[PDB]
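Here's the structure, in structure tokens; my notes come after.
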Ligand code: HEC
Ligand code: HEC
Ligand SMILES: [Ca+2]
Ligand SMILES: [Ca+2]
Ligand SMILES: [Ca+2]
Ligand SMILES: [Ca+2]
Ligand SMILES: [Ca+2]
């Protein structure tokens, strides 16, 4: 579809998967990444701060090297879309760049095209295929995921296609977005990345009772937290009137000992399951 901003808009809201994480003002509802309304103008500001040549160069860097600069308030969750699974072609990334420049600015197609030699070609990805050291299947991993008899049951906290229970984020479709490496890190190092909105907060009530957990809901009169302990979850409803302090923290309520609770086989099975959630 070429390299125009109109083509980039279809890709951003389509095969580029950008809108599964990024909203744009009132269009879309995703929150894993920042709202991209006015991105073009704050790209100029980032480029100034980071000593880059132009806002566009910052936009390029944000795609080709998402880890190189991490927007305040977010963790290293953005994938390299020219790598699997997304495997976004080079012409499509050039189009997306044109769309990003349109978010509060004007696309500059000549200037975008000079960056073509910096955009990796998806077909030429260097990522090695994922081959687990054991034969496992996604179906086997689905069984593990929802197995209430185990010492950890992903389904107690995650929903997939209407099955499971909501504590952490819904995992439907994450296999089309994320890498096996991200699944490994998510399972064995759960606080390395905290999905936006699923932070733990420390609450102290006026009476001096502590509650530490994630926010399920937040009304004018009630704060409902989900607490975790030894793989179990429980809700507490805290009157807003009685809250003395509330501080966000960097621990995830996802258990930190899953490497002790899953076998090697179960672990690689679950990963095959996540990869399959397209
Ligand atoms: C969820 C897994 C995401 C995907 C899919 C996309 N993005 Fe993303 N992006 C995400 C986060 C959490 C952040 C902030 C952390 C960081 O890496 O800086 C970003 C950031 C950007 C930016 C910079 C925004 C800024 O305010 O400076 C850009 C320009 C950007 N992302 C572009 C972008 C594109 C074009 C995507 C589809 C090809 C895309 N992102 C997907 C999370 C996620
Ligand atoms: C409740 C006590 C949980 C259990 C049991 C499991 N997970 Fe979890 N997970 C939970 C939360 C609150 C979050 C968000 C905060 C964070 O740690 O990032 C997550 C996150 C994930 C992710 C990242 C999702 C994303 O959108 O990027 C993954 C891939 C994930 N969790 C996988 C996973 C697996 C495979 C589990 C069973 C072995 C599992 N989780 C259990 C809370 C809880
Ligand atoms: Ca970045
Ligand atoms: Ca995590
Ligand atoms: Ca009140
Ligand atoms: Ca706890
Ligand atoms: Ca209790």
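In PDB author numbering, the protein residues as written are 39 to 316.
No residue lacks a Cβ here, since even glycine has one placed at the ideal position from N, Cα and C.
Check                                                                                                                    : Outcome
Contact set, ligand 4 heavy atom to C-beta under 7 Å                                                                     : 224, 228, 229, 230, 231, 232, 233, 290, 292
Nearest neighbour of residue 128, chosen from 139, 83, 49, 114 [CA to CA]                                                : 49
Identity of the residue in 214, 310, 43 nearest residue 146 by Cα                                                        : 43
Among 114, 94, 108, 183, nearest to residue 223 - alpha-carbon criterion                                                 : 114
Nonlocal neighbours in the same chain, by C-beta distance under 7 Å from residue 198, ignoring five residues either side : 209, 210, 315
beta-carbon residue 266 near ligand 7 non-hydrogen atom, thresh 7 Å                                                      : no
Inside the stretch 166 to 199 only - alpha helix (DSSP H) runs reaching at least 4 residues                              : 176 to 183
As assigned by DSSP and simplified to three states, the class of residue 105                                             : coil
Rounded separation between residue 39 and residue 75 - CA only                                                           : 24 Å
Residue 269 CB to nearest heavy atom of ligand 6 below 7 Å                                                               : no
Cβ contact (3+ pairs, closer than 8 Å) linking the stretch 225 to 242 and the stretch 135 to 149                         : no
Supposed close pair residue 296, residue 252 - CB separation, criterion 8 Å                                              : With a Cβ gap of about 17 Å, residue 296 and residue 252 do not count as contacting.
Whole-number beta carbon distance between residue 269 and residue 189, since they are thought to touch under 8 Å         : 6 Å
Cβ-heavy atom distance, residue 108 to ligand 1, below 7 Å                                                               : yes
Residue environment, residue 88, which counts as buried when at least 16 other CB atoms sit within 10 Å                  : exposed
Buried versus exposed call for residue 64 [16 or more other C-beta atoms within 10 Å across all chains shown]            : exposed
Own chain residues within Cβ distance below 7 Å of residue 45, not counting five before or after                         : 39, 133
Residue 285 versus residue 161: straight-line alpha-carbon distance, rounded                                             : 45 Å
Residue 178 beta carbon less than 8 Å from that of residue 85                                                            : no
Pair within 8 Å by beta-carbon distance, residue 213 and residue 195                                                     : no
Opposing strand residues paired with residue 248 [DSSP bridges]                                                          : 242
Limits of the alpha helix (DSSP H) - the one that residue 152 falls within                                               : 147 to 152
C-beta contact flag for residue 218 and residue 70 at 8 Å                                                                : no
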